[PDB]
């Protein structure tokens, strides 16, 4: 057994823990973002009829989060 | 240039399967036509050398 | 596995309209490969040991045996799997049995 | 000094000899030949003749000077790991370690704290002893050894203690 | 820069003047080392030491610009030809290439048919 | 159809240690062995499309 | 493999005994080569070079004059290469 | 589909007559991996597609056509120019991606033939040369950055060359 | 939407108690920067005007987002400084940044030239007070006077230039109205009309001649390193060169020809000096000359491909050079000198900051497509259509782009540090956060760089 070369480590490893804790905290809407495609329907290609041009979303294809 | 015997090599490769190294009959055809084609190209060079000797006499 | 890679280039190079000085320079280099390859064997490995240090330990580890032995399959069967399975275009070996074909093998011997 | 200049060239000549020769038995043959060449002039002391040979020693040696000489392992300069393999950590970084992590393995921290307290007390005594040396400028060539036996520590304490470990 | 023989141990004599010359070099070497020795070997410091020689090295390039250059002579004009000069050098290079290009567009087209980018 | 799917597997296998590099799960002394195991199965997944290429 | 303080002294003494120029009975370890052992001015440089070949090769030109005794040379080689903990 | 041409149909049929061996390594691995996880991926994709049920149709593509061209209205006035300048920029942004489709037709030809390369196709080669040459002359590609006011001068420059050359012959 | 909440930062710092201040100034600024990305990105074929001409929409400016990105970052690295002095002095030099942020938003948003001019020179006033105070080394005034008498000497000719255009040809105003502009007939009287519009932007965007404005501002440090990020904002603050060259003088490019040749030599000679220099901050100061010289080349070609590389490099350099200065500040706070040779030691003493040193250095070179590969390479590709000779000169510059970065690395990658005893703690939690907030936004631009280069993209 030896004492070996020493670094700081305590300041270094804590920052990576503090960074990832706030990635994981906003990693929940990333998980919801997958289910938004799964549960809710995205978009279908269809010809528009003369009745309404824009309602809520004017023209948006793919992803419900875009609308 | 070979065309006919060269196409036969691809026929062995089409139904090759595991252990595809065992194909000698198709490989021998590529060594027969190309050797005759190289000899035909060598014959054209030999004909040009023979024509130069006859032209020098006149 | 040398003939299936190195020797195919030398045989193909001789039948060309390309530069003669470039062709002659490559032939000296093919025979030059034998010098530094033997300079690993004869200079260091072969003969009396030079003795680098008093009491030097050299032993085979379990991690070493599993690496070198399985590299031997790749260094021997390379001319069986890669050369045969891959579809080629235009055969080069046809002309000069002693001047072009034999010269690739004779350079390594000489 | 005349004696030092001969020894410095002779040390270089032996290590430069093993670059030309391959085998160790052939190395010993040429080593005896080099001894006979220098012993002929070593017998008598000269002021003009010996100094002429010293400048002559640079010749012949410089004619065969670059066959890529061997420095063997970790050597000052040369080739193959001069400062490599040993990255090391400074002694200043050891005390810089934060709590909680410093609590792990307390045997290394407590022993270092005892040496640090001894170094702090001896620093005042070492400063007076260093200026006590007779020069009255600052220093002459090299650092002076300790005279006192009770106080210990010869001038520098952190010079030998805590350096590097491979 | 290198001469016919590389300088390392060439031309050395003991004499009397050279013996005192090495004594002069060690006198300053030991003087500047001891003031470093007094600053390095104490735990009470904690910080980066100044050193007057290193500060004057940085001051040599960052400052001492306009205190110098007061003797301009012919050396300064030679430096101007190496600076403002090469700017005029490319003026007869880029224009000649452009006049070569501009003539091709109007008569005898050289530009590729499969070109659309910029 | 299998040629397109299996080709991306070799690309993904090499990036999996990089995905687990940023903390994720704790691996003491096993990280040098984890690289060995990742490339070992990457060779087998690359052998099949080359065998498909001969066919 | 790590080097021991007792092992390094025995290794240096073994090389000096087979040198042929120096007597194996006259000098052991404590006796200095400068006064006790019959060694020339040029002989000390050759003996120091052979000792470096067996162990870790490190020999300064300035420190070559300071080292003469086999007991002192064994301690100087161990301290520079970091030995005995 | 519809817009993209490509090849009509690929053959792809195995015979396997020479050598008994272990049938085929390519055929055995294809049948095994189809039911291993490829069948599970098809089942999971069908489970999510059925779970959608209600879906919005949406307009997607917008109309807006002509509204007077730029080479009809003149003189510096914001009321007339703005509608004309928006029309030209609409055409220029679409024509950037028109070429992309024709470029991808040439990309599809290169892979499908391989050994033939330039010996066959010909239809995709002729279609690319006609459009790019027209794109180089009409839609800037030489007359600096995009501007609708400068485009009319670029069209006038090509028209002046047609009037001068035909009059001589 | 953008202005008004930025103005409300001024009463925020003064009303809050002495113990806080820094918590309120940083947190509230971050939520305003989130809302800038929320609304400004939406555009049609041609980007339609925001409202009345006070602050307008963005046509080819995602560079406003960068100003909002540095809006909290210009407070993070300045935390080490200012703390020793009075509480009233702390509040003053946060509000000078708020005033900078107030005027910098106004420059990029407002689609104008007449009122843009009185916001262009208006950024110089808060930076002057910032530079002339808190400077640790001397010659603050030999850099402070040079800060104005380079810029104002070149920019005051815009009063005789811009007003001369609107008196003859309609009015400048909206730029969306600017289609009245007829091509210049090219005469000896029209020479000084073009020069006066250019010389203003020839100073802020440094060349080979009249370039000494920039190194004096960087070497003589204002406050710590966070104010040097605002000096990076001044380089990209002269963005009107994208607008003037395209609209005001479209036919004029014959007089641009000598100015390209000046900037082309401001690539080899500006890089050569950036090798043997002593100061760590100076080796970023001269690399910033050559990196912004690439943009000046791209503008004067006027090709649609070059503006793509021009707009990319404005954002690319704005987050890479500022990243490098934060690393220079992190060594300046520990060693207390800007010398490269003296401050030597990475990995051994600075274990995690050394990886940030690597990522910042390599981004100056052409890495996998982050932003600088979309920046630099696009200009080099566009220069060949101008002339074939360019890449022979431009390729040599690509060798020395490594010689900025690697020479900064190697001269710090030696694990000696014999003279240095300080720098016990490697980096505080805020110091490592600074380094991440510069590279990770560029790493997110790998997926979609549409909001990084957009003049008709």
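Residue numbers (the deposited numbering), protein chains in the order written: chain V, 7 to 73; chain U, 57 to 114; chain G, 387 to 496; chain B, 10 to 175; chain P, 11 to 128; chain X, 2 to 56; chain L, 4 to 88; chain Z, 4 to 172; chain H, 3 to 459.
Even for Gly, the Cβ is constructed at its ideal location relative to N, Cα and C.
For residue 27(B), the number of other beta carbons within 10 angstroms of its own is at least 16, and it is reported as buried.
For residue 357(H) and residue 69(H), the gap between their C-alpha atoms comes out near 26 Å. If you draw a 10 Å sphere on the C-beta of residue 213(H), you find 16 or more other C-beta atoms in it, and that means buried. Taking the CA atoms as reference points, residue 444(G) sits about 29 Å from residue 41(X).
Contact annotation for residue 97(B) against chain H: 350, 417 [CB-CB distance below 8 Å, chain order]. Annotation for residue 399(H): the continuous alpha helix (DSSP H) segment containing it runs 392-402. Here residue 10(H) is exposed, its C-beta having fewer than 16 other C-beta atoms within 10 Å. Counting the other CB atoms within 10 Å of its CB gives residue 203(H) a total of 16 or more, which places it among the buried residues. Distance from the CA atom of residue 246(H) to the CA atom of residue 94(B), rounded to whole angstroms, is 58 Å. Against chain Z, a Cβ distance below 7 Å from residue 182(H) picks out 79. According to the DSSP secondary-structure assignment, residue 281(H) is paired through a beta bridge with 341(H).
Of all residues in the stretch 9-26 of chain V, only 9, 11, 12, 13, 14, 15, 16, 17 place a beta-carbon less than 7 Å from a beta-carbon of chain B.
Taking C-beta atoms under 8 Å as the contact rule, residue 121(H) and residue 316(H) fail to qualify, at a distance of about 18 Å.
Taking 8 Å as the cut-off, the beta carbon of residue 43(H) is found no closer than this to the beta carbon of residue 92(Z). Check the Cα spacing between residue 281(H) and each of 72(P), 55(P), 59(P): the tightest is with 72(P). For residue 434(H), at least one C-beta of chain V is nearer than 8 Å to its own C-beta.
Scanning 76(H), 453(H), 210(H), 54(H) for the CA closest to the CA of residue 275(H) turns up 210(H). The C-beta separation of residue 82(U) from residue 67(U) comes to about 7 Å, placing the pair in contact by the 8 Å criterion.
Taken atom to atom, the span from the alpha-carbon of residue 375(H) to that of residue 265(H) is near 20 Å. Pairing residue 100(H) with residue 293(H), the inter-Cα distance amounts to about 28 Å. At a cut-off of 8 Å between beta carbons, residue 91(U) contacts chain G. If you check the CB distance, residue 99(B) and residue 350(H) come in under 8 Å. Here residue 68(U) carries a helix assignment [DSSP, helix/strand/coil]. Using beta-carbon distances, residue 477(G) counts as an interface residue toward chain U, with a partner under 8 Å. Uninterrupted alpha helix (DSSP H) stretches at least 4 residues long and entirely within the stretch 229-271 of chain H occur at 230-239, 243-249, 259-267, given in chain order. Residues of the stretch 31-61 of chain B with a C-beta atom less than 9 Å from some C-beta of chain G are 31, 32, 33, 34, listed in chain order. Rounded to whole angstroms, the Cβ separation of residue 225(H) and residue 338(H) is 15 Å, and the two are not in contact under 8 Å.
Shortest Cα-Cα distance from residue 439(H) to any of 207(H), 411(H), 362(H) involves 362(H).
Under the DSSP assignment, residue 50(B) falls in the alpha helix (DSSP H) whose first and last residues are 33-51. DSSP, reduced to helix, strand and coil, places residue 125(H) outside both helices and strands of the structure shown, so it counts as coil. Against chain G, the CB of residue 57(L) has a partner CB under 8 Å away; the residue lies at that interface. Setting aside the 5 residues that flank it on each side, residue 233(H) is surrounded in the same chain by 219, each with a C-beta closer than 6 Å to its C-beta; the list follows chain order. If you ignore the 5 residues before and after residue 7(X), its C-beta comes within less than 7 Å of the C-beta of 46, 49, 50, all in its own chain and listed in chain order. Residue-level contact by beta carbon fails for residue 18(B) and chain V, as no gap is shorter than 8 Å. The residue from 188(H), 443(H), 447(H), 6(H) with its alpha-carbon nearest to that of residue 75(H) is 443(H).
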